[PDB]
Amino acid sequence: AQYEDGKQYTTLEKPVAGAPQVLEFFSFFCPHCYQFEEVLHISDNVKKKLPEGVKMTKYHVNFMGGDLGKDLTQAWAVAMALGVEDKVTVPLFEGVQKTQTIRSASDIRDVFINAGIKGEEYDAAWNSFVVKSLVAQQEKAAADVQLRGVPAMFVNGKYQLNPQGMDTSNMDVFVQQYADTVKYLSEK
């Protein structure tokens, strides 16, 4: 077939029931994740080819970057709670991987302040139980699928994208293959 298990995707031998339709995991410490956001814009190109009524979820993981890794997962929960993902994603990536200006929870916080989230609003969210459950959700979702590497995308809790098995001579062609694969898996 043109789309083969083991080639553009793999199948979870333990499917996850009730999983989000399209579920992406990343880390601000993850070098390919940086590429996926800044250069390839994977999330955006997938969403452009996804059907109607299919929701997109993106979660941070703890297993890279020790204590700061966990701070970032909590910060990502704040971003989701306040709906400011699109305002903080790039500066967080660049602060961790490019400029090396993110070394502490306070430095993460600076990114939100500079993006225009008010200090009181960030701190309140940071300490909120709404954010605590959002952190729990991120951890559970990763735990549900044995996650030990990022970037990772899962479709309907059944299929895991396998970018290794796609052409990468051309960045644009790679992205369309990835996106077209998500859409194929989505219509499975």
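The first residue of the shown sequence is 1; numbering continues from there.
Between 82-90 and 67-75 (mean CA B-factor, as deposited), the higher
Mean C-alpha B-factor is greater for 82-90.
Tell me which stretch, 5-13 or 19-27, has the higher mean Cα B-factor listed in the entry.
Mean CA B-factor is higher for 5-13.
For the C-alpha B-factor as written in the entry, point me to the maximum among 141, 61, 42, 50.
Answer, based on the entry's C-alpha B-factors: 50.
How does the C-alpha B factor of residue 135 compare with the rest of the chain: lowest, middle or highest third?
Lowest third of the chain for residue 135's C-alpha B-factor.
Compared with the other modelled residues in the chain, in which third is the CA B-factor of residue 180?
Its C-alpha B-factor, which the entry lists for residue 180, ranks in the lowest third among residues of this chain.
Within this chain, which third does the Cα B-factor at residue 103 fall in: lowest, middle or highest?
Ranked within chain, residue 103 CA B lands in the middle tercile.
Cα B factor band for residue 34 (lowest, middle or highest third within the chain):
It falls in the bottom third of the chain.
Grab the CA temperature factor for residue 46 from the record and place it in the lowest, middle or highest third of its chain.
It falls in the middle third of the chain.
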